[PDB]
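*Asks:* quick one: initial chain(s) of a complex, as found there:
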Amino acid sequence: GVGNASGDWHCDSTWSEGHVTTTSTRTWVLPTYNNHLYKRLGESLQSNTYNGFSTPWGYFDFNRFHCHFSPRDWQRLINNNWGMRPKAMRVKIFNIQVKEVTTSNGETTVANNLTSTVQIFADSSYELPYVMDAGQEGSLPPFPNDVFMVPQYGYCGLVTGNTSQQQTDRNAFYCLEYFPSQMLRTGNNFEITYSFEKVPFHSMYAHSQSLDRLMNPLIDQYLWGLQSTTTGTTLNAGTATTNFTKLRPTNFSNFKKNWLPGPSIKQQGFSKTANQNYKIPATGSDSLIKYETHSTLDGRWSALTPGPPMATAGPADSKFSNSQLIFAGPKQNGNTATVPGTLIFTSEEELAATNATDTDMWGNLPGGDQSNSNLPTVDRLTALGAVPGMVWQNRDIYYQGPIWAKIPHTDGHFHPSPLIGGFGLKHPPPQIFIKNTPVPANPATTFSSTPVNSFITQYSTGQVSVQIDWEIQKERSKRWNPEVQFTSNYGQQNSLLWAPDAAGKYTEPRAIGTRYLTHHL
């Protein structure tokens, strides 16, 4: 009822053998969006052209690791386990409070509206465009004490061509009121359980072996290969002779191998040092999107980012590329920056053990056929798809990164591991929608068929609990020497990091991946 709480606060984590359960509770605030309306969106902006609808609904997003793990819990996870994956999820929305806002001569006053409801439903059949996996804001804040605003639900429709936002007969419009939903007054609560499909464990380890060094460095191969086609050390000089050799130690680059580095697409490398880059504007015919690796879908350019899993530059190197995820640093509050130091660069350098380098190339190959009179040019293999015998590691997941992505509803897909990182799921955690039910204001006393457009101003607030059961696999290495471990090593600090400062503001100072432990190939 009114004077009885419909749920309690729960924010712990229980570790067991092969399992860990996270529990997170936060307070949310839901305003009335679009003034209770559905607005048709759309704008012709060349490669940025889009169309769709903004809805009056809000939705819950739990798609970031820091929503579920405290920094210390993340450390417990990554320093001791080789793998992890989500198993189950339970969500609760309770302690609903609908507030009525009234304006007067001076300030505005808020009051409880005990009879008003909010509507809530989970799109458990995936009938609505899924947007919880687009690397966007709106997830539960990392800090348990923070109160967040429920994000407004909106979706994009089919864009035809690369110049007009105009919709065709294929474009769909989805009305969310057209779905069944629970109506909740201040005493009611909402709950939903979900199970994850079996997904592979994320690999929480860096490789301690290189793909091109899997042989016994003490033994020769029983395989032979061409060593040279002339005597000497000079090109186009010496005596022509087919010099063959048994492949033996210290000539590892020429050993016959069973496996190849995974697929790759060359990205453009930029320096964190301004004057080290070519001057390329943000807009115009020569905008940056042009000089950045990009895919073309229906004439529209889409920057390749982060792109396929590739080895990148170290997080502290002077260079970076679109293959690297960049987060706002602890002192970054705006939405633009000219100083890279205010941002947090992630890195996939551990991938150099099996994956090709993002700003380099997969390799080289002949530009033609050689002969005693023709030396072919050495062509660059800047892009290469799946070839039999290739192996690769997916990119890493981050503490402040996404957890899952919905695998697109298509006939074909190659290695459905979301490129921003995480778990590709056919049936991901369902989107949960919430909306403040409209309450008509004082009506006219004469009938009118015109739809009511006068409403009492309201907003709701409540709590949301999310519990995730995770399956983990402990590292079982036989390595003798100490491993690398994520450790607090900031030294002397005026204000303890990973903690609210003197003013009470909580910020995340660094990006934490999951690859400290190692594993051989």
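*Replies:* Arrived safely, thanks for sending. Numbering: from 1, shown residues only, chains lettered A, B, ... in the order given.

*Asks:* what about residue A:102, helix or strand, and which?
*Replies:* strand A:81-103 (DSSP states H and E).

*Asks:* can you list the strands that that strand pairs with?
*Replies:* Strand pairing for strand A:81-103, using DSSP bridges, gives strand A:108-112 (antiparallel), strand A:190-195 (antiparallel), strand A:202-203 (antiparallel), strand A:458-474 (antiparallel).

*Asks:* how about the residue of chain A positioned farthest from its centre, nearest residue that isn't a chain neighbour?
*Replies:* Centroid-distance maximum for chain A: residue A:239 at 57.6 Å, with C-alpha atoms, centre = their mean. Distances taken as C-beta to C-beta, 6 or more residues apart in numbering place residue A:231 nearest to residue A:239, at 4.8 Å, with adjacent residues excluded. C-beta here means a position set from N, CA and C on the backbone, and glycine is covered the same way.

*Asks:* residues contacting that neighbour?
*Replies:* Neighbouring residues of residue A:231 by C-beta atoms under 8 Å, 6 or more residues apart in numbering: A:238, A:239, A:241, A:243.

*Asks:* could you rerun that using 6 Å?
*Replies:* Taking C-beta atoms under 6 Å, 6 or more residues apart in numbering, we find residue A:231 in contact with A:238, A:239, A:241.

*Asks:* throw chain B on there as well:
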Amino acid sequence: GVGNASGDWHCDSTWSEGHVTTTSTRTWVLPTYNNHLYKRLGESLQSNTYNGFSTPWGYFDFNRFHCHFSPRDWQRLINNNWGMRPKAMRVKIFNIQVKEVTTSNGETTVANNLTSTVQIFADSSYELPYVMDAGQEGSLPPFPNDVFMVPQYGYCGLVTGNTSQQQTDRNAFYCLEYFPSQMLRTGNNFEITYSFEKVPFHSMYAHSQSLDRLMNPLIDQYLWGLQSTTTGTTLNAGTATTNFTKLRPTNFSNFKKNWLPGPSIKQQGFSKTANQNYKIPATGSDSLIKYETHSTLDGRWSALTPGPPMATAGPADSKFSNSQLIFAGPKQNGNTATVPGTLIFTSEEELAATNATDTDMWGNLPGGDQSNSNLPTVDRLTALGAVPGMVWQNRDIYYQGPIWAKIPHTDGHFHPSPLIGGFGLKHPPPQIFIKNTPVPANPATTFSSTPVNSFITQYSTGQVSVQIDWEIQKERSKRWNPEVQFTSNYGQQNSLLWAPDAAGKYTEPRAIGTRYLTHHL
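*Replies:* One more piece, chain B, placed on the ones above:
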């Protein structure tokens, strides 16, 4: 109670074999009508003369197809089925909220009145004048997100003569408080179930055969007929001779037939092009009602419209008549128009397969008896009632048209299919009345027998759910070639049709009938 919702939101449609259930929930707002009073209505206006009462009650109207079907659901229905009819209905009124309005120096303020009630009863015995089947506004809005105002209940009484509104001893007055009703506070809800009597399936198909072409075009008839009464090709010329002939192919117009086109009454045809019509004023002795086909009841004229089912002009033709239903187009907000393009014209052209044409005539017949010296005039059969051997198709139902009508309580009726379209029912879905119970304002401290006339200003709001079970009959044609199908074919549109626009306004762009599929005779 107060802090517990008395119902949930439900707006889906479940399709099965031979059945489809629609569920629709909307938010309503009920003001206090007539200031809690019953007012005797009446006005002497010649053929428009009327009398009756306006009541302080409101009522629920679910009598339009778009209240139950989304446009896509309507398409699923009409492209795949030959017939449909309502089977059952369930209505729920819940989440009642009574608001108290108070005025001050500045703006007015609204507040919840937790102890106030609303009264609700269904006229399940049909003791009150039925008005839910008069093609009037007040039904649930087509769009699930729209909030509507509950229409005020009023009824007409017996009009005597064609000049005075004066009532006679036969006139009835109905007091709705004189009925038992449920009283509901914020925690209470109201429910009612209803079953439809067996009614014929509406025919959702156009005929692919003509009534005058039901013969084998390759065979002669064994019947003979008079071919001419003279030799030659000129009238009143040649040699008198009774020329008889066996009725054979390519003389189909003279074949002996078993059936005739249905009854018909000639309507007047008007052009959508202004200068193509005769100038006829709206009022005066020469008003339009005079030149339009009209019936006369007790001296009062009543335009024949839509009138008996007849073949009309195509919806895009330059002409129309009173036989065609006209709806306001998507950009029509006013109540008058001089440009037909802002309106939506429906058509019954598919009826030309069995029904006579509305602006033409049923046929021709002799003005007298012919002889060797007298050629009778060719009289026109502009009106003709039921004749043995006639067959006809009823007019079509529309997405935005009415569903049922109450068959008048009379001794006789011919083919009780409502002329505006739909299902004629003896016992239609009952009218559900709702009213805000009056709450007396501060009384005098001295007794007075005078009826209280000071009330606290109030209004209520809540939700209403309507579920209809429909029986459908799938088309089972042996036709080889593709059928006509209702399809989204608007091409490129700045704003997707059948969807809210950029400002959030939802409008219906076209009228959708149910006759795309075909059936032979």
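
*Asks:* once more on the contacts of residue A:231, with chain B this time?
*Replies:* The contact partners of residue A:231, taken as C-beta atoms under 6 Å, 6 or more residues apart in numbering or on different chains, are A:238, A:239, A:241.

*Asks:* just put those residues in a markdown table and tack on secondary structure and distance to chain B.
*Replies:* Below are the contacts of residue A:231 laid out as a markdown table (DSSP: H, G, I helix; E, B strand; the rest coil; distance: C-beta to the nearest C-beta, whole Å):
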| residue | secondary structure | distance to chain B |
| --- | --- | --- |
| A:238 | coil | 69 |
| A:239 | coil | 72 |
| A:241 | strand | 70 |
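
*Asks:* burial count for the residue in the stretch 251-400 of chain A positioned nearest to chain B?
*Replies:* Residue of the stretch 251-400 of chain A nearest chain B, by C-beta to the nearest C-beta: residue A:298 (14.8 Å). Counted with other C-beta atoms under 10 Å in any protein chain shown, the neighbours of residue A:298 add up to 10.

*Asks:* quick one on the thing from earlier: list the buried residues for the strand holding residue A:102?
*Replies:* Residues of strand A:81-103 classed as buried: A:81-87, A:89, A:91-100 (neighbour count, 16 or more other C-beta atoms under 10 Å in any protein chain shown).

*Asks:* got the residues of the stretch 401-521 of chain A near chain B?
*Replies:* Residues of the stretch 401-521 of chain A found near chain B (C-beta under 6 Å from any C-beta of the partner chain) are A:438, A:440, A:442, A:443, A:445, A:447, A:448, A:449, A:451, A:452.

*Asks:* add chain C to what we have:
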Amino acid sequence: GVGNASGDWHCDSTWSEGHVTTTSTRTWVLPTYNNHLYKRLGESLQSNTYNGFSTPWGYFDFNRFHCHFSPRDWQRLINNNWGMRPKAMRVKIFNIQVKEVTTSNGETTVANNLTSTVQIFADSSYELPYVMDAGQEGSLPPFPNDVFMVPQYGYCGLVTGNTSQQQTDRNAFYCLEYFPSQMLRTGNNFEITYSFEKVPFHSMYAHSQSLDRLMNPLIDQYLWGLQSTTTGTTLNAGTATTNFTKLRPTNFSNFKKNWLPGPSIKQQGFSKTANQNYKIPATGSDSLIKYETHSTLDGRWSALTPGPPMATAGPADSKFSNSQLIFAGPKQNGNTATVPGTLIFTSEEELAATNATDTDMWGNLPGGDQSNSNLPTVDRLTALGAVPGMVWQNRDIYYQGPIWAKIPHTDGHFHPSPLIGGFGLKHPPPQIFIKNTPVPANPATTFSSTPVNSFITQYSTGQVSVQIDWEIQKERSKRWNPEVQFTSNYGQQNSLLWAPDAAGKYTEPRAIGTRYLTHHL
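*Replies:* Following on from the chains above, chain C is added here:
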């Protein structure tokens, strides 16, 4: 629910054989602390340097005897029992009322917020820094009619060095939202039971025997000892001779004894008479902390106070030291005083029966080896730790003093009896935290990922009950003559002491220990 009390008032004490149960109910008021935030604390102040966090949480403190005993009950306890210890505890928090505060042009107005909650949890696993045992304010007021403010929870972190407040990687941050907590609306209550570990009985008696007088004063010892090394009464004079003697009566100071006075550390003695002390400033290089006995931890000075149990000066003597607990007298409202008469001095003079004197020394010992030509200096034993054969009594507990302390979580500890007095417990009564759940104010209608920082002003209030079962051991003395008893002996008083005065203010006029009864060694 709302109109039903969630608990009753209970403030009695039930005495039985070997047991007494105290029950105390008080009304509390909880404001919003830190504006719902966690603030990182810290300040470089040499030996006063500290760092930590203030939390938005409040907590309940029951750690003072006068919270549970009325003065008369304390008298019943101390005049009849030799020992007492806590056995069990039960706490209830009920009749929660959340108030919403609104400001206007004139005065501010308060209103009930029936849907708001408060969060409550007990740190039953001791995962949070324990601060209920630091001799600090915030406990239930001694007077049953007094309404108190719930103290704000804050904790100190590790201080490194003695000059900077800077935190290191070892510093911990604890988020209390990270714990599971009960959420309570106006109808809910919170309860918790606790059992005390077996602890020794506090000794509520003074010794009627001296440690150096445990022999039969009528009998000689069969042990001999050196009486002198010369003839006569003058030092360095007479005839050298080893004079031995059987140890007999009236030479008790030289009797061989089995036990020694307990450990001790010399404290500095100051006069209550200003001009009798040396002039030492509060701050500077020559501050008082310098001339007061102090321990040094990581370079920081910490005054030895109260320090190890030692015999002090009588409570009315002209001198005192840091070994004595000082409370504010009945007329002391400020936080500073120059007149000792406004303060209440406690005393541990009864400890002179077995413990060394605080401002004196444990004893004396030779500064070297003596001979016929060298008389060693008489060195002072100002500090001495545990030596085999030592015995001592702990300091006394007071009516207005602390009950328990948490024994530090360490590998080693010597005699874990808290120095301020009371019971040392490994698992003390758990800290109970309470906080007003934040209620977001009117939000923007456009989504923002920024954490909400606009809240409705609130505060809560309710009742708290605390019941403690105490185990007591009756004195069973064979003493013939009357014992000393704590008695009301204030004589004629304009306003009865231990009672509210004419203005209604309640104050405690004296400190009451527990040592009136006696016991032999």
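
*Asks:* once more on the buried residues of strand A:81-103, this time with chain C?
*Replies:* In terms of neighbour count (16+ other C-beta under 10 Å), strand A:81-103 has its buried residues at A:81-87, A:89, A:91-101.

*Asks:* ok, stretch A:440-453 next?
*Replies:* Those would be A:440, A:441, A:442, A:443, A:447, A:452, for stretch A:440-453 by 16+ other C-beta under 10 Å.

*Asks:* ok, of the residues you listed, which one's closest to chain C?
*Replies:* Using C-beta to the nearest C-beta, the buried residues of stretch A:440-453 come closest to chain C at residue A:441, 16.5 Å.

*Asks:* residue ranges for the helices of the stretch 51-200 of chain A, please.
*Replies:* Per DSSP state H, counting those that start in this stretch, the stretch 51-200 of chain A carries helices over the ranges A:71-80.

*Asks:* now the stretch 201-350 of chain A against chain C: closest residue?
*Replies:* residue A:333 (8.5 Å).

*Asks:* phi and psi next, for that residue.
*Replies:* Dihedral angles of residue A:333 (phi, psi; degrees, to the nearest 10) stand at phi -110, psi -20.

*Asks:* helix/strand/coil for residue A:350?
*Replies:* Following DSSP: H, G, I helix; E, B strand; the rest coil, residue A:350 is assigned to helix.

*Asks:* same check on the one 5 residues further on?
*Replies:* Assigned by three-state DSSP, the conformation of residue A:355 is coil.
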